[PDB]
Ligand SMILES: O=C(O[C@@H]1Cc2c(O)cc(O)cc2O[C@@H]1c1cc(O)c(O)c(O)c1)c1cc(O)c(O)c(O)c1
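Next up is one chain by itself, shown in structure tokens, the form deposited without the named molecule.
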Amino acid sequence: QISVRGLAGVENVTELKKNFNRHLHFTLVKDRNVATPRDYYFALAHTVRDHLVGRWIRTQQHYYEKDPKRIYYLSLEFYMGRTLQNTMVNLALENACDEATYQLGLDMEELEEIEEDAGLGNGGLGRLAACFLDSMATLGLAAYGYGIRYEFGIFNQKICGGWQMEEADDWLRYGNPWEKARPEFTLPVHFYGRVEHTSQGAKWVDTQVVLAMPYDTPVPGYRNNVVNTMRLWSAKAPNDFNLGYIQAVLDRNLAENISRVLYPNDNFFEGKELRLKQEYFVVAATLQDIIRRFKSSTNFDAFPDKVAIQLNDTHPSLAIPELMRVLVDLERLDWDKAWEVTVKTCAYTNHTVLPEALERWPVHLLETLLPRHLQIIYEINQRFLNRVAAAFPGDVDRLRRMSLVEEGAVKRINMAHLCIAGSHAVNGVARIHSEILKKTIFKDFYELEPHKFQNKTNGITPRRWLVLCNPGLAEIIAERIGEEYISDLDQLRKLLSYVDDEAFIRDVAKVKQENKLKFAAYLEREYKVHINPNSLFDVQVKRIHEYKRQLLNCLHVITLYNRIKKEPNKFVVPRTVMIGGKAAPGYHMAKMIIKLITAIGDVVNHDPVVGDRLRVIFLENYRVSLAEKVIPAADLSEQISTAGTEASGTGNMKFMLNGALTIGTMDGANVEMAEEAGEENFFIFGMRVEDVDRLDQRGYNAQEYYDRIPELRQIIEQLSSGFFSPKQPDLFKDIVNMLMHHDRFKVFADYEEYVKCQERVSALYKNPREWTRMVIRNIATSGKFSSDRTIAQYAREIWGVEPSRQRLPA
């Protein structure tokens, strides 16, 4: 049909069709009279996977011959989403498969919708890992993702009576056709035990063994015939485990619990033992694999020339003491040499400054579970604090503040401190966030080791986030400037010369209108709900958090409702306000916010006077596959975190790429997005970081805003009095009470500037041609936000490897 989906060669289509029917028969053991849509999806998945196999074997082969430096991306989260369409895009098979399926009387879009999301992540951090693997394969780096094959990913969100309910994400029920189990590469992981000191050094004995069994998933580069590996570990009991008989066999589940379930907290620390077991499990099995591959090329001087280990936040921080333990206790290197190797091998990406997200593990937990690692951590701290003392003699306060060990009723290990000490590079994830790291939480470490601190601004893969989810926009761009931009997103600047072209203005607005029609139809077919596709689609999708200020959006929505009621017969730009996101199951306030959003919908969507001028929709089960549908349908992106709270964000970039204008704070990557597009092409409002600091020094009094802003007072009085909860008058007292007395994120302080800026948005939407010219200015400057840029900067400035766009042979 469209050109960026590749050729449908006659030979190619014939070949796909016979292999589809071979897999239906031999793989699925179905005839065509009993097959379901689900069987057809599996037959297609197996057929497309066959095109990966040759390239995967060849790539791993090439890396063995050439022996390049290897990159190990350690993450507890890989938010992959669906694999089938992404595989077709990257092998140029998409049109051939459409044609092949079409001639067997099937619709490929319908079969795509049957694939389960691999939801092995919470949000931004997990999805950054996924975008990174795609960019690493596209830039031909010998790169490996290492994590955990959770049996249950992020929970499925149902809404009942407007409340979040959680269901187990049983994503493996029907089987994963993309993974290959490698039980032959199974490795032991140790827990508990105690430390014996001998003549021959320290010895970790009386341990409990858990087996780590790897599953390999292919990661295809973009049309370069590179296929990298994502290796996820599964927990298996050894067969003598607990070995009356029956109970011993049943208790194997204790050990296999380690890989059972993803912790569903976004940007929050829960100090639970099962989580610490997850963190050690992925690190212990991974390091053993890294060292085995290295030894298959005595001498660890070359280890850092052949190995880079990137830590995705502190979650795999134990990689540092584990590498020491292997090099010191097992390889019998002296401490100083092993430490040199560790520091030149490891680099740490910090993703947050929120204090409740920083991993601070109680010592009693580490003492019981990893006794040797705690000894190594103490040894690291003593030697690190000896270097601080020498550089800053007499600064005892510095010593206490920089310690890896926090004093307190409970002693804790600050894993962030461990990561800075044990890494040659520490990066934040947007320029403003990396600056905040040097000015505030890591100021002491910066002053000791200024050379370690870098910025690597986040990005998104334009493969999944443009070609895959928005083929129509991809195509009109490819008509003007060719295909090459897909692996070189900076080429989108050429679109600035098309900003006064009537034809291109018409095409950009037509694609947006087609995406909205398609998404409005999708809402009706799966959730029986009537929306106006001529309305402005105002979209805030992201995890539910106080810092992300879904509540500020709520206040705007109630303001528009109250203005309509005051003056019913006045014209307003119609809006569909869509908010979506999961709350962590234990996060009471995040659950109340979801409930308030649906409570507002219940009132405004059934007010006859409102008409179709204002609709409030809660998008259920926001996940990667819903993001691929709603982000292309969006007109306004809501990026409204309190300045200095959102380290980067990446949703922001997805929307810029897809033809939505941004309303946002000078927070995270929003700052660089505005800088790339021009501030005049961005709906900037609210406090800067400096303004929030000034408010903090003085004291935030929310009462002051309630007394001065009648529009705001009316909303607070409505919430209190049960305007939005008639049956439970006081349902929202916790929300009012937080906004009035303990708002860490200063929602009222930004209210007035938010509403005025939202008026500036409505005014521009009234002029389609100028709205669309501003959209073109956004899409055309979005190139910086390619994860290809990000990964090339990691490779050159951290890992010491040259990216490459050269094809391997097919």
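The first residue of the sequence shown is number 1, and the count goes up from there. Whichever C-alpha set is largest while still superposing within 1.5 Å between the two forms counts as the rigid core.
Per-stretch RMS Cα distance to the displayed form in 7 other deposited structures of this protein, following rigid core alignment, is highest for 3 to 11 when 801 to 809 and 3 to 11 are compared.
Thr298 is a gap in at least a third of the other entries compared, counting only those with both neighbours built. In the deposited sequence, the stretch from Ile441 to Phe442 has no residues without coordinates, so the chain runs on without a break. Gap between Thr198 and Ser199: none; every deposited residue in this span has coordinates. As the entry records it, the average C-alpha temperature factor is higher for 685 to 693, out of 649 to 657 and 685 to 693. Taking only CA atoms, the mean B-factor in the PDB entry is higher for 697 to 705 than for the other of 212 to 220 and 697 to 705. Between the residues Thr101, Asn350, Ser637, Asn265, the entry's highest C-alpha temperature factor is the one at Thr101.
If you compare the C-alpha temperature factors of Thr559, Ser297, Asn458, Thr342 in the entry, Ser297 comes out highest. Residue-level temperature factors show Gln164 in the middle third of its chain, judged at the C-alpha atom.
Annotation for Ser423: CA B-factor lies in the lowest third of the chain's modelled residues. Among the modelled residues of the chain, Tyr547 sits in the lowest third by CA temperature factor in this PDB entry.
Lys784: CA B factor in the lowest third of modelled residues in this chain (values from the PDB entry).
Ranked within its chain, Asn239 lands in the highest third, by CA B factor from the PDB record.
There is also a form deposited with the named molecule bound; it is not shown, and the following applies to it.
The shortest heavy atom separation between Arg525 and the named molecule in the deposited complex is within 4.5 Å. A residue is said to contact a partner when one of its heavy atoms sits within 4.5 Å of a partner heavy atom; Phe519 meets this definition for the named molecule in the deposited complex. Taking non-hydrogen atoms only, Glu109 approaches the named molecule to within 4.5 angstroms in the deposited complex. Interface residue remark: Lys510 is not counted as part of the site for the named molecule in the deposited complex, having no heavy atom within 4.5 Å. Note on the partner interface in the deposited complex: the residue among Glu479, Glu704, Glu113, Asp691 having a heavy atom within 4.5 angstroms of the named molecule is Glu113. In terms of contact with the named molecule in the deposited complex, the residue from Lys203, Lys629, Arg431, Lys494 that brings a heavy atom within 4.5 Å is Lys629. Of the candidate stretches 494 to 502, 565 to 573, 525 to 533, 324 to 332, only 525 to 533 contains residues with a heavy atom within 4.5 Å of the named molecule in the deposited complex.
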